[PDB]
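**Q** Data: input_1.cif, mmCIF, C-alpha atoms and all ligand atoms.
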```cif
data_model
#
loop_
_atom_site.label_atom_id
_atom_site.label_comp_id
_atom_site.auth_asym_id
_atom_site.auth_seq_id
_atom_site.Cartn_x
_atom_site.Cartn_y
_atom_site.Cartn_z
CA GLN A 1 -54.99 54.46 -34.43
CA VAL A 2 -54.61 54.40 -30.64
CA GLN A 3 -51.44 56.29 -29.68
CA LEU A 4 -50.16 56.27 -26.10
CA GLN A 5 -47.10 57.72 -24.41
CA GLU A 6 -45.35 57.23 -21.07
CA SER A 7 -43.95 59.99 -18.85
CA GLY A 8 -42.20 60.46 -15.53
CA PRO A 9 -39.10 61.81 -13.79
CA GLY A 10 -35.53 60.95 -14.70
CA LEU A 11 -33.59 61.04 -11.43
CA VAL A 12 -34.97 59.39 -8.28
CA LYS A 13 -32.98 59.33 -5.05
CA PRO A 14 -33.48 56.28 -2.79
CA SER A 15 -36.02 56.10 0.05
CA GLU A 16 -38.56 57.92 -2.15
CA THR A 17 -41.74 57.04 -4.06
CA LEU A 18 -41.48 56.38 -7.78
CA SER A 19 -44.41 57.69 -9.82
CA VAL A 20 -44.87 57.42 -13.59
CA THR A 21 -47.82 58.30 -15.81
CA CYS A 22 -49.07 56.74 -19.05
CA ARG A 23 -51.41 58.81 -21.22
CA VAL A 24 -53.66 57.58 -24.04
CA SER A 25 -54.56 59.87 -26.95
CA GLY A 26 -56.38 57.73 -29.49
CA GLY A 27 -59.50 56.50 -27.75
CA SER A 28 -60.97 55.64 -24.39
CA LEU A 29 -59.81 53.34 -21.61
CA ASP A 30 -63.06 51.39 -21.98
CA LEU A 31 -63.32 47.58 -22.40
CA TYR A 32 -59.59 46.90 -21.77
CA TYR A 33 -56.94 46.17 -19.15
CA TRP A 34 -53.80 48.28 -18.66
CA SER A 35 -50.37 46.91 -17.72
CA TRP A 36 -46.79 47.79 -16.78
CA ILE A 37 -43.57 46.07 -17.92
CA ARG A 38 -40.03 46.54 -16.55
CA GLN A 39 -36.70 45.92 -18.29
CA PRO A 40 -33.47 46.10 -16.27
CA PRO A 41 -30.45 47.14 -18.39
CA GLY A 42 -28.75 43.75 -18.16
CA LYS A 43 -31.71 41.38 -18.17
CA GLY A 44 -34.82 41.02 -20.33
CA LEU A 45 -38.44 42.02 -19.83
CA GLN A 46 -40.22 41.66 -16.48
CA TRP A 47 -43.91 41.84 -15.63
CA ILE A 48 -45.17 44.16 -12.89
CA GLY A 49 -48.96 43.99 -13.04
CA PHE A 50 -52.15 45.12 -14.69
CA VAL A 51 -55.46 46.69 -13.70
CA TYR A 52 -59.00 46.81 -15.11
CA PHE A 53 -60.41 50.16 -16.19
CA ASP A 54 -63.24 50.06 -13.64
CA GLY A 55 -60.66 49.61 -10.91
CA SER A 56 -62.38 46.37 -9.95
CA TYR A 57 -59.53 43.94 -10.68
CA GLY A 58 -55.75 43.92 -10.56
CA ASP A 59 -53.12 41.21 -10.90
CA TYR A 60 -49.61 41.69 -9.54
CA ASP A 61 -46.14 40.18 -9.55
CA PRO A 62 -45.63 38.18 -6.31
CA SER A 63 -42.14 39.66 -5.97
CA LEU A 64 -43.21 43.32 -6.16
CA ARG A 65 -46.66 42.98 -4.58
CA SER A 66 -46.67 44.91 -1.30
CA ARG A 67 -44.92 48.03 -2.68
CA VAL A 68 -46.79 48.68 -5.95
CA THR A 69 -49.96 50.62 -6.75
CA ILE A 70 -51.58 50.96 -10.18
CA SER A 71 -54.54 53.27 -10.78
CA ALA A 72 -56.45 54.54 -13.81
CA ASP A 73 -58.70 57.55 -14.38
CA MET A 74 -61.45 57.00 -16.96
CA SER A 75 -61.95 60.71 -17.65
CA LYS A 76 -58.40 62.10 -17.73
CA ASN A 77 -57.24 59.28 -20.07
CA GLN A 78 -54.30 58.33 -17.88
CA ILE A 79 -52.82 55.55 -15.74
CA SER A 80 -50.51 56.19 -12.79
CA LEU A 81 -47.95 53.76 -11.37
CA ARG A 82 -46.50 54.20 -7.88
CA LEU A 83 -43.68 52.23 -6.27
CA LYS A 84 -42.29 52.32 -2.73
CA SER A 85 -38.83 51.72 -1.21
CA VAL A 86 -36.75 52.87 -4.16
CA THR A 87 -33.49 50.91 -4.46
CA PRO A 88 -30.63 51.35 -6.96
CA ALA A 89 -31.64 47.95 -8.37
CA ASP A 90 -34.84 49.59 -9.66
CA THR A 91 -32.88 51.55 -12.30
CA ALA A 92 -34.65 50.27 -15.41
CA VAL A 93 -36.82 51.00 -18.47
CA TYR A 94 -40.60 51.19 -18.03
CA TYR A 95 -43.25 50.20 -20.60
CA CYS A 96 -47.02 50.76 -20.78
CA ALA A 97 -49.44 48.70 -22.87
CA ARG A 98 -53.08 47.66 -23.10
CA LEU A 99 -53.89 44.00 -22.67
CA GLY A 100 -56.07 41.66 -24.75
CA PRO A 101 -59.52 41.83 -26.26
CA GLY A 102 -61.64 41.06 -23.25
CA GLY A 103 -64.38 43.24 -21.84
CA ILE A 104 -65.39 40.62 -19.30
CA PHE A 105 -67.41 42.79 -16.96
CA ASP A 106 -67.83 41.97 -13.31
CA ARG A 107 -66.77 40.84 -9.88
CA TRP A 108 -69.37 38.04 -10.14
CA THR A 109 -68.71 36.73 -13.65
CA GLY A 110 -64.94 36.74 -13.27
CA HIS A 111 -62.42 38.67 -15.37
CA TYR A 112 -61.70 36.36 -18.31
CA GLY A 113 -60.43 38.19 -21.36
CA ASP A 114 -56.63 38.24 -21.54
CA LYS A 115 -54.89 37.09 -24.73
CA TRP A 116 -52.50 39.63 -26.33
CA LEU A 117 -50.81 42.97 -25.59
CA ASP A 118 -50.97 45.80 -28.22
CA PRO A 119 -49.33 49.10 -28.42
CA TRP A 120 -46.33 49.30 -26.09
CA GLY A 121 -45.31 52.95 -26.48
CA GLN A 122 -41.74 54.28 -26.42
CA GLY A 123 -40.99 53.81 -22.73
CA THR A 124 -39.05 55.74 -20.14
CA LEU A 125 -35.79 55.38 -18.22
CA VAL A 126 -35.59 55.66 -14.43
CA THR A 127 -32.12 56.00 -12.93
CA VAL A 128 -31.69 55.67 -9.16
CA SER A 129 -28.71 57.61 -7.82
CA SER A 130 -27.78 60.04 -5.06
CA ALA A 131 -25.92 62.52 -7.30
CA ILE B 2 -45.84 27.96 -13.58
CA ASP B 3 -42.47 28.25 -15.37
CA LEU B 4 -41.38 28.92 -18.94
CA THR B 5 -38.05 28.25 -20.65
CA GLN B 6 -36.65 29.36 -24.01
CA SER B 7 -33.98 27.55 -26.02
CA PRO B 8 -31.56 28.17 -27.76
CA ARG B 9 -30.11 31.29 -26.14
CA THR B 10 -28.72 32.88 -29.31
CA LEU B 11 -28.53 32.42 -33.07
CA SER B 12 -26.46 33.94 -35.89
CA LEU B 13 -27.38 32.95 -39.45
CA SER B 14 -27.51 34.36 -42.97
CA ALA B 15 -30.30 35.46 -45.30
CA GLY B 16 -32.45 33.01 -47.23
CA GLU B 17 -32.30 30.46 -44.40
CA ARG B 18 -34.67 29.10 -41.75
CA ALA B 19 -34.64 29.69 -37.99
CA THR B 20 -36.34 27.51 -35.38
CA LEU B 21 -36.91 28.41 -31.73
CA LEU B 22 -38.21 26.47 -28.74
CA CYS B 23 -40.54 27.72 -26.00
CA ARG B 24 -41.42 25.20 -23.30
CA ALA B 25 -43.74 25.49 -20.30
CA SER B 26 -43.39 23.61 -17.03
CA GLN B 27 -46.93 22.21 -17.31
CA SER B 28 -49.62 21.75 -19.95
CA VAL B 29 -50.77 25.07 -21.43
CA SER B 30 -53.60 25.55 -23.93
CA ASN B 31 -52.96 27.00 -27.38
CA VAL B 32 -54.62 30.35 -26.58
CA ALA B 33 -52.45 32.07 -23.94
CA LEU B 34 -49.30 32.28 -26.12
CA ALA B 35 -47.93 35.34 -27.91
CA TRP B 36 -44.68 36.15 -29.72
CA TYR B 37 -42.79 39.44 -29.72
CA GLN B 38 -40.16 41.42 -31.64
CA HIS B 39 -38.05 43.66 -29.39
CA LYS B 40 -35.49 45.79 -31.29
CA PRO B 41 -33.07 47.91 -29.23
CA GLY B 42 -34.04 51.56 -28.90
CA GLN B 43 -37.49 50.86 -30.37
CA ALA B 44 -41.04 49.91 -29.39
CA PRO B 45 -41.71 46.14 -29.29
CA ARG B 46 -44.67 44.71 -31.12
CA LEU B 47 -46.95 41.69 -31.37
CA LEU B 48 -46.13 38.99 -33.91
CA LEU B 49 -48.45 36.08 -33.15
CA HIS B 50 -51.32 35.52 -30.72
CA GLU B 51 -52.97 32.18 -29.83
CA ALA B 52 -49.90 30.40 -31.34
CA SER B 53 -51.24 30.40 -34.92
CA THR B 54 -53.28 33.57 -35.56
CA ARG B 55 -51.03 35.99 -37.42
CA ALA B 56 -50.97 39.56 -36.15
CA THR B 57 -51.98 42.34 -38.52
CA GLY B 58 -49.17 43.90 -40.54
CA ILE B 59 -46.30 41.47 -39.97
CA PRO B 60 -45.11 39.38 -42.96
CA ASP B 61 -45.94 35.75 -43.65
CA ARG B 62 -42.44 34.38 -43.00
CA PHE B 63 -43.13 34.39 -39.24
CA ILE B 64 -45.02 31.11 -38.68
CA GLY B 65 -45.67 29.55 -35.30
CA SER B 66 -46.92 26.16 -34.13
CA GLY B 67 -46.80 23.75 -31.22
CA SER B 68 -49.08 22.25 -28.60
CA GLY B 69 -49.38 21.02 -25.04
CA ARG B 70 -46.12 22.33 -23.69
CA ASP B 71 -43.85 22.55 -26.79
CA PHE B 72 -44.06 25.77 -28.82
CA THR B 73 -42.08 26.90 -31.86
CA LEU B 74 -41.61 30.06 -33.91
CA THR B 75 -40.12 29.63 -37.39
CA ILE B 76 -38.92 32.19 -39.91
CA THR B 77 -39.15 30.61 -43.37
CA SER B 78 -36.80 32.94 -45.28
CA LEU B 79 -34.46 34.98 -43.08
CA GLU B 80 -34.01 38.67 -43.86
CA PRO B 81 -31.43 41.29 -42.80
CA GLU B 82 -34.16 43.27 -41.00
CA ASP B 83 -35.04 40.42 -38.60
CA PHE B 84 -32.38 41.43 -36.05
CA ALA B 85 -34.38 41.51 -32.82
CA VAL B 86 -34.75 39.70 -29.51
CA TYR B 87 -37.77 37.39 -29.61
CA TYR B 88 -39.98 36.81 -26.58
CA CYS B 89 -42.62 34.21 -25.78
CA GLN B 90 -44.66 34.89 -22.63
CA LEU B 91 -48.03 33.79 -21.27
CA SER B 92 -51.28 35.68 -20.71
CA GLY B 93 -50.33 37.16 -17.33
CA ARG B 94 -46.73 37.63 -18.57
CA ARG B 95 -45.13 36.43 -15.31
CA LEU B 96 -42.27 34.65 -17.15
CA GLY B 97 -39.85 35.51 -19.96
CA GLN B 98 -36.30 34.54 -20.89
CA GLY B 99 -35.40 36.06 -24.27
CA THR B 100 -33.62 34.86 -27.41
CA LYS B 101 -31.47 37.02 -29.67
CA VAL B 102 -31.21 36.36 -33.42
CA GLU B 103 -28.14 37.81 -35.15
CA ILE B 104 -27.15 38.24 -38.79
CA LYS B 105 -24.00 36.49 -40.01
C1 LIG C 201 -75.36 45.07 -16.47
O1 LIG C 201 -74.01 44.63 -16.32
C2 LIG C 201 -72.97 45.62 -16.35
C3 LIG C 201 -71.70 44.90 -15.98
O2 LIG C 201 -71.43 45.07 -14.60
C4 LIG C 201 -73.24 46.79 -15.40
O3 LIG C 201 -72.25 47.79 -15.66
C5 LIG C 201 -71.69 48.50 -14.54
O4 LIG C 201 -72.61 49.45 -14.25
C6 LIG C 201 -72.29 50.20 -13.08
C7 LIG C 201 -73.55 50.93 -12.68
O5 LIG C 201 -73.65 52.17 -13.36
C8 LIG C 201 -71.17 51.15 -13.43
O6 LIG C 201 -70.80 51.80 -12.21
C9 LIG C 201 -69.41 52.06 -11.83
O7 LIG C 201 -68.83 50.97 -11.09
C10 LIG C 201 -67.46 51.19 -10.70
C11 LIG C 201 -66.91 49.90 -10.14
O8 LIG C 201 -67.01 49.93 -8.74
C12 LIG C 201 -66.68 48.61 -8.26
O9 LIG C 201 -65.34 48.57 -7.87
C13 LIG C 201 -64.94 49.51 -6.87
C14 LIG C 201 -63.47 49.29 -6.65
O10 LIG C 201 -63.31 47.97 -6.09
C15 LIG C 201 -61.93 47.71 -5.77
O11 LIG C 201 -61.53 48.43 -4.61
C16 LIG C 201 -62.18 48.08 -3.37
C17 LIG C 201 -61.64 48.99 -2.30
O12 LIG C 201 -60.51 49.65 -2.83
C18 LIG C 201 -61.92 46.61 -3.07
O13 LIG C 201 -62.62 46.25 -1.91
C19 LIG C 201 -62.39 45.74 -4.25
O14 LIG C 201 -62.10 44.39 -3.98
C20 LIG C 201 -61.77 46.18 -5.56
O15 LIG C 201 -60.41 45.80 -5.44
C21 LIG C 201 -60.01 45.14 -6.65
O16 LIG C 201 -59.09 45.95 -7.36
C22 LIG C 201 -57.85 46.22 -6.69
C23 LIG C 201 -57.10 47.19 -7.56
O17 LIG C 201 -57.21 46.73 -8.90
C24 LIG C 201 -57.12 44.91 -6.50
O18 LIG C 201 -55.92 45.15 -5.81
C25 LIG C 201 -57.99 43.95 -5.68
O19 LIG C 201 -57.33 42.70 -5.54
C26 LIG C 201 -59.38 43.77 -6.28
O20 LIG C 201 -59.17 42.97 -7.43
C27 LIG C 201 -65.76 49.28 -5.59
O21 LIG C 201 -65.53 50.36 -4.70
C28 LIG C 201 -67.27 49.16 -5.86
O22 LIG C 201 -67.90 48.61 -4.69
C29 LIG C 201 -68.73 49.54 -3.95
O23 LIG C 201 -68.21 50.87 -4.01
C30 LIG C 201 -69.03 51.93 -3.44
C31 LIG C 201 -68.99 51.82 -1.91
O24 LIG C 201 -69.37 53.08 -1.37
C32 LIG C 201 -70.45 51.92 -4.04
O25 LIG C 201 -70.70 53.18 -4.66
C33 LIG C 201 -70.59 50.79 -5.09
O26 LIG C 201 -71.91 50.75 -5.60
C34 LIG C 201 -70.18 49.45 -4.51
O27 LIG C 201 -71.10 49.19 -3.47
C35 LIG C 201 -67.59 48.29 -7.06
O28 LIG C 201 -67.36 46.96 -6.62
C36 LIG C 201 -67.47 52.33 -9.70
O29 LIG C 201 -66.16 52.54 -9.23
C37 LIG C 201 -67.97 53.57 -10.41
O30 LIG C 201 -67.93 54.66 -9.49
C38 LIG C 201 -68.08 55.90 -10.21
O31 LIG C 201 -69.12 56.65 -9.66
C39 LIG C 201 -69.06 56.80 -8.25
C40 LIG C 201 -70.31 57.53 -7.87
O32 LIG C 201 -70.52 58.54 -8.85
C41 LIG C 201 -67.81 57.59 -7.86
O33 LIG C 201 -67.58 57.38 -6.48
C42 LIG C 201 -66.53 57.19 -8.66
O34 LIG C 201 -65.71 58.33 -8.74
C43 LIG C 201 -64.61 58.26 -7.83
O35 LIG C 201 -63.48 57.74 -8.48
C44 LIG C 201 -63.08 58.47 -9.68
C45 LIG C 201 -61.94 57.72 -10.31
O36 LIG C 201 -62.38 56.40 -10.58
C46 LIG C 201 -62.71 59.91 -9.28
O37 LIG C 201 -62.36 60.65 -10.43
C47 LIG C 201 -63.93 60.55 -8.56
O38 LIG C 201 -63.66 61.90 -8.19
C48 LIG C 201 -64.37 59.70 -7.36
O39 LIG C 201 -63.29 59.77 -6.43
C49 LIG C 201 -66.77 56.69 -10.09
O40 LIG C 201 -66.83 57.87 -10.88
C50 LIG C 201 -69.37 53.36 -11.00
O41 LIG C 201 -70.24 53.27 -9.90
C51 LIG C 201 -70.00 50.43 -14.11
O42 LIG C 201 -69.33 51.34 -14.98
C52 LIG C 201 -70.34 49.16 -14.93
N1 LIG C 201 -69.23 48.24 -14.81
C53 LIG C 201 -68.23 48.18 -15.69
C54 LIG C 201 -67.09 47.27 -15.34
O43 LIG C 201 -68.25 48.83 -16.73
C55 LIG C 201 -74.67 47.31 -15.60
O44 LIG C 201 -74.96 48.34 -14.67
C56 LIG C 201 -75.64 46.15 -15.43
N2 LIG C 201 -77.03 46.59 -15.36
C57 LIG C 201 -77.75 47.19 -16.32
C58 LIG C 201 -79.15 47.53 -15.94
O45 LIG C 201 -77.29 47.45 -17.42
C1 LIG C 202 -71.59 39.91 -21.41
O1 LIG C 202 -71.67 38.95 -22.45
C2 LIG C 202 -70.42 38.29 -22.69
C3 LIG C 202 -70.64 37.36 -23.86
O2 LIG C 202 -70.98 36.06 -23.42
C4 LIG C 202 -69.93 37.56 -21.44
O3 LIG C 202 -68.59 37.13 -21.67
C5 LIG C 202 -68.40 35.75 -21.29
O4 LIG C 202 -68.20 35.63 -19.89
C6 LIG C 202 -68.05 34.28 -19.44
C7 LIG C 202 -67.92 34.34 -17.94
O5 LIG C 202 -68.95 33.60 -17.30
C8 LIG C 202 -66.85 33.62 -20.11
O6 LIG C 202 -66.90 32.23 -19.82
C9 LIG C 202 -65.67 31.74 -19.24
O7 LIG C 202 -64.80 31.24 -20.23
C10 LIG C 202 -63.53 30.81 -19.73
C11 LIG C 202 -62.70 30.38 -20.90
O8 LIG C 202 -61.42 30.00 -20.43
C12 LIG C 202 -61.02 28.74 -21.01
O9 LIG C 202 -61.05 28.81 -22.43
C13 LIG C 202 -60.00 29.49 -23.20
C14 LIG C 202 -60.13 28.96 -24.62
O10 LIG C 202 -61.51 29.12 -25.09
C15 LIG C 202 -62.38 27.94 -25.19
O11 LIG C 202 -62.92 27.81 -26.50
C16 LIG C 202 -63.99 26.82 -26.64
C17 LIG C 202 -65.23 27.37 -25.95
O12 LIG C 202 -65.41 26.68 -24.71
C18 LIG C 202 -63.55 25.45 -26.09
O13 LIG C 202 -63.82 24.47 -27.07
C19 LIG C 202 -62.05 25.44 -25.76
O14 LIG C 202 -61.68 24.17 -25.23
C20 LIG C 202 -61.66 26.58 -24.80
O15 LIG C 202 -62.03 26.15 -23.50
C21 LIG C 202 -58.59 29.25 -22.58
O16 LIG C 202 -57.68 30.18 -23.10
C22 LIG C 202 -58.70 29.46 -21.07
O17 LIG C 202 -57.45 29.51 -20.43
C23 LIG C 202 -57.67 30.28 -19.23
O18 LIG C 202 -56.76 29.91 -18.19
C24 LIG C 202 -55.37 30.22 -18.44
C25 LIG C 202 -54.56 29.68 -17.27
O19 LIG C 202 -53.23 30.15 -17.41
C26 LIG C 202 -55.24 31.74 -18.63
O20 LIG C 202 -53.87 32.09 -18.82
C27 LIG C 202 -56.10 32.14 -19.86
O21 LIG C 202 -55.96 33.52 -20.16
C28 LIG C 202 -57.56 31.78 -19.63
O22 LIG C 202 -58.01 32.63 -18.59
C29 LIG C 202 -59.61 28.43 -20.49
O23 LIG C 202 -59.13 27.18 -20.98
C30 LIG C 202 -63.73 29.65 -18.73
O24 LIG C 202 -62.51 29.37 -18.09
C31 LIG C 202 -64.79 29.96 -17.68
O25 LIG C 202 -65.10 28.71 -17.09
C32 LIG C 202 -65.66 28.84 -15.77
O26 LIG C 202 -66.25 27.62 -15.41
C33 LIG C 202 -65.36 26.49 -15.50
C34 LIG C 202 -66.19 25.25 -15.30
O27 LIG C 202 -67.00 25.09 -16.45
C35 LIG C 202 -64.24 26.67 -14.45
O28 LIG C 202 -63.30 25.62 -14.60
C36 LIG C 202 -63.54 28.03 -14.65
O29 LIG C 202 -62.63 28.26 -13.57
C37 LIG C 202 -64.52 29.20 -14.80
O30 LIG C 202 -65.03 29.47 -13.49
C38 LIG C 202 -66.05 30.61 -18.26
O31 LIG C 202 -66.73 29.58 -18.94
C39 LIG C 202 -66.90 33.79 -21.63
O32 LIG C 202 -65.66 33.39 -22.20
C40 LIG C 202 -67.17 35.24 -22.02
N1 LIG C 202 -67.34 35.35 -23.46
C41 LIG C 202 -66.41 35.89 -24.26
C42 LIG C 202 -66.75 35.93 -25.72
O33 LIG C 202 -65.36 36.33 -23.82
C43 LIG C 202 -69.93 38.49 -20.23
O34 LIG C 202 -69.70 37.75 -19.04
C44 LIG C 202 -71.27 39.22 -20.11
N2 LIG C 202 -71.23 40.18 -19.01
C45 LIG C 202 -72.19 40.25 -18.08
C46 LIG C 202 -72.00 41.28 -17.02
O35 LIG C 202 -73.16 39.50 -18.10
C1 LIG C 203 -68.76 53.26 -24.92
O1 LIG C 203 -69.02 54.62 -24.48
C2 LIG C 203 -67.85 55.34 -24.05
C3 LIG C 203 -68.31 56.65 -23.47
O2 LIG C 203 -69.18 56.43 -22.36
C4 LIG C 203 -66.91 55.49 -25.24
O3 LIG C 203 -65.76 56.26 -24.90
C5 LIG C 203 -65.59 57.37 -25.81
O4 LIG C 203 -65.12 56.95 -27.12
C6 LIG C 203 -64.99 58.02 -28.06
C7 LIG C 203 -64.59 57.40 -29.38
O5 LIG C 203 -63.28 56.84 -29.33
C8 LIG C 203 -63.98 59.04 -27.56
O6 LIG C 203 -63.94 60.13 -28.46
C9 LIG C 203 -64.36 59.53 -26.17
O7 LIG C 203 -63.34 60.37 -25.65
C10 LIG C 203 -64.59 58.36 -25.21
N1 LIG C 203 -65.04 58.84 -23.92
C11 LIG C 203 -64.28 58.83 -22.82
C12 LIG C 203 -64.91 59.36 -21.57
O8 LIG C 203 -63.12 58.41 -22.84
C13 LIG C 203 -66.50 54.09 -25.70
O9 LIG C 203 -65.64 54.18 -26.82
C14 LIG C 203 -67.73 53.26 -26.07
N2 LIG C 203 -67.34 51.90 -26.42
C15 LIG C 203 -67.28 51.42 -27.66
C16 LIG C 203 -67.63 52.36 -28.77
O10 LIG C 203 -66.95 50.26 -27.89
#
```
Taking this structure as input, can you express it in the form of structure tokens?
**A**
Amino acid sequence: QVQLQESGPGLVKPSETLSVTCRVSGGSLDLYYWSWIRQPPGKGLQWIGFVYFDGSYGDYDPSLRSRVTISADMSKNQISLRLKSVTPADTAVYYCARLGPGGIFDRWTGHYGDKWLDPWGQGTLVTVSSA
Amino acid sequence: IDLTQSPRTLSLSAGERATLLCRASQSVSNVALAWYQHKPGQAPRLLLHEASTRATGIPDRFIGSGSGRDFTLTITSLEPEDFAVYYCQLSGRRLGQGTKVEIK
């Protein structure tokens, strides 16, 4: 029932800021996490990070930590990903999916529902070149 | 933590059985495991969560098991439509190696 779709640019020169946008059109962002997954063209799938819909929790890849920023707007039904220091190694395919069943609400209780990862969407391709 | 998949590839025929191996560096409970079906040019999808609970809409030939640190996905009767890379990753997804199953 829940249908989501990624979006973004296609040609990013280096020393810029990458910015992609995932939009949901089947329900709300409520009671779930929201994640990002990278696939380089030679290798397999890589994890970037995920965020909670309140904006009160986020878990990141230790490799890509200090250059990434994930945000979500409850009303506009969208999630934006931003990335700094664009290299030609960042030419890859980007995926957007919602995480497991948990609605574990708080900073005090501790965010504890994370099991599976349902719909993934089509994805997008980001090519880094100077042409 | 670290995760490792073996074998790296497989090419078999229909009506046969496949067997994969997914191994963690430490002891992992039976809940944070999921199995995937990534076809090229398509959208990947969930096959199995919590290492035994079958996802909705995928056929019964995909059966998984394992415990502690040894995990296994098994197709009972191979089909020509099962040409996809299969992924096992944890809850936080910070690993992943990949295994491609081909049709002979
Ligand atoms: C029973 O239990 C339930 C369960 O809790 C209760 O349900 C909640 O009820 C709340 C009361 O109504 C309800 O309110 C909302 O709460 C939102 C959450 O705010 C929290 O998080 C904020 C963000 O924290 C991150 O960022 C900080 C700084 O950046 C950082 O310090 C933090 O550590 C944290 O970082 C984490 O995330 C990072 C990124 O993922 C990650 O990198 C990092 O490692 C960390 O993991 C935080 O700011 C906030 O703390 C204070 O914020 C201000 C300070 O001024 C103050 O108002 C707060 O009260 C608090 O003191 C808190 O911790 C909150 O964001 C919602 O805000 C909305 O409304 C306000 C006011 O109208 C508005 O400002 C916001 O709009 C802005 O943002 C929008 C986009 O989001 C824009 O579109 C707007 O234009 C505007 O810019 C929001 O609309 C809101 O207050 C909440 O929904 C319920 N919780 C959940 C999870 O559902 C229930 O109430 C209980 N009681 C009863 C009786 O039932
Ligand atoms: C609104 O109400 C809801 C409803 O109650 C409420 O939601 C609950 O919130 C509490 C938070 O206080 C949750 O309780 C936590 O549960 C954690 C469970 O993690 C362990 O268990 C997983 C398997 O389930 C268990 O099944 C049974 C039941 O206990 C048991 O027989 C099994 O042995 C098994 O334990 C397992 O997957 C999990 O693995 C974790 O860690 C791996 C590490 O890689 C990670 O990848 C996994 O994704 C997972 O995170 C783990 O084994 C539990 O950890 C936690 O425990 C705290 O205390 C212990 C000490 O006792 C500490 O060691 C630990 O660090 C924690 O601090 C805690 O008990 C509960 O699960 C929610 N309920 C549901 C249904 O989700 C909301 O909070 C309420 N909201 C408000 C605002 O009030
Ligand atoms: C809890 O309430 C929120 C609204 O505060 C629900 O979100 C709405 O869900 C309906 C049904 O899918 C959508 O048509 C609306 O667009 C949603 N609102 C927003 C702002 O996105 C949420 O679904 C409720 N939680 C449930 C039912 O579990």
**Q** Which polymer residues have any atom within 9 Å of an atom of residue 66 of chain B, counting all atoms listed in the file, with same-chain residues fewer than 6 positions away left out, as a PyMOL selection string?
**A** chain B and resi 52-53+72-75
**Q** Can you pull out the residues contacting residue 100 of chain B? Cut-off 6 Å, using all atoms listed in the file, and skip same-chain residues under 2 positions away; I want them as a VMD selection string.
**A** chain B and resid 9 to 10 86 to 87
**Q** Please return, as a PyMOL selection string, all residues of chain B lying within 8 Å of chain A when all atoms listed in the file are considered.
**A** chain B and resi 32-35+43-47+50-51+92-99
**Q** Restricted to C-alpha atoms, what would the selected residues look like written as a compact mmCIF listing (two decimals), keeping the file's coordinate frame?
**A**
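again-v6.txt, freshly written:
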```txt
# COMPACT_ATOMS: atom_id res chain seq x y z
CA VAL B 32 -54.62 30.35 -26.58
CA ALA B 33 -52.45 32.07 -23.94
CA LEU B 34 -49.30 32.28 -26.12
CA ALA B 35 -47.93 35.34 -27.91
CA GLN B 43 -37.49 50.86 -30.37
CA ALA B 44 -41.04 49.91 -29.39
CA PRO B 45 -41.71 46.14 -29.29
CA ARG B 46 -44.67 44.71 -31.12
CA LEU B 47 -46.95 41.69 -31.37
CA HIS B 50 -51.32 35.52 -30.72
CA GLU B 51 -52.97 32.18 -29.83
CA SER B 92 -51.28 35.68 -20.71
CA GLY B 93 -50.33 37.16 -17.33
CA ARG B 94 -46.73 37.63 -18.57
CA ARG B 95 -45.13 36.43 -15.31
CA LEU B 96 -42.27 34.65 -17.15
CA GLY B 97 -39.85 35.51 -19.96
CA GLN B 98 -36.30 34.54 -20.89
CA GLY B 99 -35.40 36.06 -24.27
```
**Q** Between atom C41 of ligand LIG 201 (chain C) and atom CA of residue 5 of chain A, measure the distance and give it in Å to one decimal.
**A**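 A separation of 26.5 Å between them.
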**Q** Which residues form the shell of 12 Å around ligand LIG 201 (chain C) when you count only C-alpha atoms and all ligand atoms, given as a PyMOL selection string?
**A** chain A and resi 29-35+49-61+65-81+102-111
**Q** From the set A:26, A:9, A:101, A:41, which residue has the shortest atom-to-atom contact distance to ligand LIG 203 (chain C), counting only C-alpha atoms and all ligand atoms?
**A**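 Nearest candidate to ligand LIG 203 (chain C) out of A:26, A:9, A:101, A:41: A:26.
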**Q** Box for ligand LIG 202 (chain C): with edges along x, y and z, all listed atoms inside and 6 Å added on each side, what are the centre and edge lengths in Å to one decimal, as lines of an AutoDock Vina configuration file?
**A**
```
center_x = -63.2
center_y = 32.7
center_z = -20.3
size_x = 31.9
size_y = 29.1
size_z = 25.6
```
**Q** By how many Å are atom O22 of ligand LIG 202 (chain C) and atom CA of residue 65 of chain B apart?
**A** 21.0 Å
**Q** What gap, in Å, lies between atom CA of residue 131 of chain A and atom CA of residue 17 of chain A?
**A**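 Distance between the two atoms: 17.1 Å.
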**Q** Find the residues around residue 18 of chain A up to 10 Å (all atoms listed in the file counted), leave out those fewer than 6 positions away in its own chain, and share them as a PDB file with C-alpha atoms, in the coordinates of the input.
**A**
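What ended up in around24.pdb:
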```pdb
ATOM      1  CA  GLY A   8     -42.200  60.460 -15.530  1.00  0.00           C
ATOM      2  CA  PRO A   9     -39.100  61.810 -13.790  1.00  0.00           C
ATOM      3  CA  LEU A  11     -33.590  61.040 -11.430  1.00  0.00           C
ATOM      4  CA  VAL A  12     -34.970  59.390  -8.280  1.00  0.00           C
ATOM      5  CA  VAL A  68     -46.790  48.680  -5.950  1.00  0.00           C
ATOM      6  CA  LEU A  81     -47.950  53.760 -11.370  1.00  0.00           C
ATOM      7  CA  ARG A  82     -46.500  54.200  -7.880  1.00  0.00           C
ATOM      8  CA  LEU A  83     -43.680  52.230  -6.270  1.00  0.00           C
ATOM      9  CA  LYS A  84     -42.290  52.320  -2.730  1.00  0.00           C
ATOM     10  CA  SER A  85     -38.830  51.720  -1.210  1.00  0.00           C
ATOM     11  CA  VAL A  86     -36.750  52.870  -4.160  1.00  0.00           C
ATOM     12  CA  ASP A  90     -34.840  49.590  -9.660  1.00  0.00           C
ATOM     13  CA  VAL A 126     -35.590  55.660 -14.430  1.00  0.00           C
ATOM     14  CA  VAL A 128     -31.690  55.670  -9.160  1.00  0.00           C
TER      15      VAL A 128
END
```
